[PDB]
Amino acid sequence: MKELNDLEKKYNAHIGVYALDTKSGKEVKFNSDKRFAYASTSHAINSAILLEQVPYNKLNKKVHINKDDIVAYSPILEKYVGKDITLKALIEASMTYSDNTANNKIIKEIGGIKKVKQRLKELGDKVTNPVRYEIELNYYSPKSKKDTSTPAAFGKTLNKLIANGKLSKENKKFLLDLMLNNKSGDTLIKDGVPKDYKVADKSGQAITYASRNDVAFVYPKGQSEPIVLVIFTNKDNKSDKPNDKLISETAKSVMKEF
């Protein structure tokens, strides 16, 4: 982890890494028990929990969207005020466009923040701590645990929900294809891993402390089992700007371990 220490020194940043090859069980950890704001990488978790309870063939069920649901940065859902949207389109908006209104509506469908924390506990995750909806969950403070998790607890939860969970084959493919085709993560994990690798990711950026994250299921050439990879990073000052090359370079070093 001498390359990771050096990357912190090089980017003047803090890095939290958890990587699990689900084939061998091999793990690479660096500051894996340190808390970081997960930001919108949480959209992946909420989407998976809902998909555990709605069969693929029923993803056509619609939900009404009204003015009260709209929150900042909802490029798709702002067009749906007073209209109905299917659960499938909500999930696509939330993952592909990081639409915040879609994610909150998904949390509501699941039953609220309370029901999400319940399911995390059932999965054995007592670390991930959702308290707020979007976009307030992005107001991160080092002195608060609100909406934070550690790279290991978040990585183990993604593994249990998606890589080795109870989702059907269709739902799992559906979610993963959204993650594979998302362009917002191109400068992140996808930029650092080799060209033979498929990267299904969900990026995130909080409002404060240059909180820049990327979680992904990486598929090396020849392996069909994904390597779960969670990279959370932040800086020491509230208004610091993040450098994505930090995550691209982190993914590259970590991949050398597999």
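The numbering used is simple: start at 1 and walk along the sequence shown.
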Segment of higher mean CA temperature factor, 99-107 or 180-188
180-188
30-38 versus 219-227: which one carries the higher mean Cα B factor per the record?
219-227
Comparing C-alpha B-factors across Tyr56, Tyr209, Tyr197, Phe232 in this entry, the winner is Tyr197
Highest Cα B-factor in the PDB entry belongs to which of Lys172, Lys115, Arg132, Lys88?
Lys115
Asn164: which third of its chain by C-alpha temperature factor?
highest
Chain-wide C-alpha B factor ranking for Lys62, given as lowest, middle or highest third
highest
Comparing against every modelled residue in the chain, figure out the third that the C-alpha B-factor of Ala93 lands in (lowest, middle or highest).
lowest
Taking only the Cα B-factors deposited for this chain, tell me whether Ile76 sits in the lowest, middle or highest third.
lowest
Ranked C-alpha temperature factor of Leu123 among modelled chain residues, by third:
highest
